[PDB]
Amino acid sequence: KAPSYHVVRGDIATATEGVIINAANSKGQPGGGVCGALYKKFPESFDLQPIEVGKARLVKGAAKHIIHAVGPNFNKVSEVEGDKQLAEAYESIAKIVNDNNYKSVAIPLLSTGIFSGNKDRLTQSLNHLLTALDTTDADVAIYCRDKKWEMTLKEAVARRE
Ligand SMILES: Nc1ncnc2c1ncn2[C@@H]1O[C@H](COP(=O)(O)OP(=O)(O)OC[C@H]2O[C@@H](O)[C@H](O)[C@@H]2O)[C@@H](O)[C@H]1O
């Protein structure tokens, strides 16, 4: 049961993976960031229902199954309680990957944009991603958007191995 990771610099709303993770809000409504991009292309895969922080929910559409996952908002929560919720959030994703036997999945770095509190959280968010998704079988496309985050991302993924 071993997962794979690769990095992709681009708009996650254009991922070829059948299953895309959304960085969602508690309210389940769009959405700047990746959420706004996914709602722009795949409104079907949104239910617009609340989601508990640190939880996730699978919404299925004709084109894409989106796992809407709620990372902490570091504007609102402490660093410690945020690290819990971020782990929590990713773990919830892995749960859904494992329950549905999803084999290939595209995931953004939760809590690194709108919910970052204006701090670089690449490493932090990546670690929690790799830790939960390591419990999956999935080929994971980690999605970023800055060329520098790409290099840093690629380099960390590679270390592991
Ligand atoms: N289209 C995209 N494709 C890939 N990566 C993206 C995209 N848009 C943004 N990103 C990057 O994904 C990371 C996650 O940022 P956000 O999308 O802001 O998610 P998050 O920081 O968890 O904040 C979630 C909050 O934003 C709202 O849109 C959403 O409804 C929730 O309230 C950031 O590094 C950001 O630069």
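Residue indices begin at 1 and follow the sequence shown. When a ligand or atom number is given, it counts from 1 through the structure's own listing order.
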**Request:** Show the numbers, then the answer: is there a side chain to side chain contact (heavy atoms under 4.5 Å, CB included) between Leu86 and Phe115?
**Result:** CA-CA 11 Å; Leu86 184 60; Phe115 274 2; over 6 Å; no
**Message:** Can a donor-acceptor pair be found, under 3.5 Å and without considering hydrogens, that links the side chain of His68 to the backbone of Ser45?
**Reply:** yes
**Item:** Donor + acceptor pair across side chains of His6, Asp139 (<3.5 Å)
**Value:** no
**Message:** Checking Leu110 against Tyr90 for the side chain to side chain contact (heavy atoms under 4.5 Å, CB included) test, could you report, in this order, the C-alpha distance in whole Å, the side-chain angles of both residues, the deciding distance, and whether it holds?
**Reply:** CA-CA 8 Å; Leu110 295 186; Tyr90 278 118; 3.6 Å; yes
**Request:** Taking all heavy atoms of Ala13 and all of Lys41, pick out the closest pair and write down the distance.
**Result:** O-NZ, 2.6 Å
**Item:** Neighbouring residues of ligand 1, heavy-atom cut-off under 4.0 Å
**Value:** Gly10, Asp11, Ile12, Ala23, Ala24, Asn25, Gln29, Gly31, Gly32, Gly33, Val34, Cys35, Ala37, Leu109, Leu110, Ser111, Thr112, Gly113, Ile114, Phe115, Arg145, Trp149
**Side chains of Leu130 and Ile142 in contact at under 4.5 Å (non-hydrogen atoms)** = yes
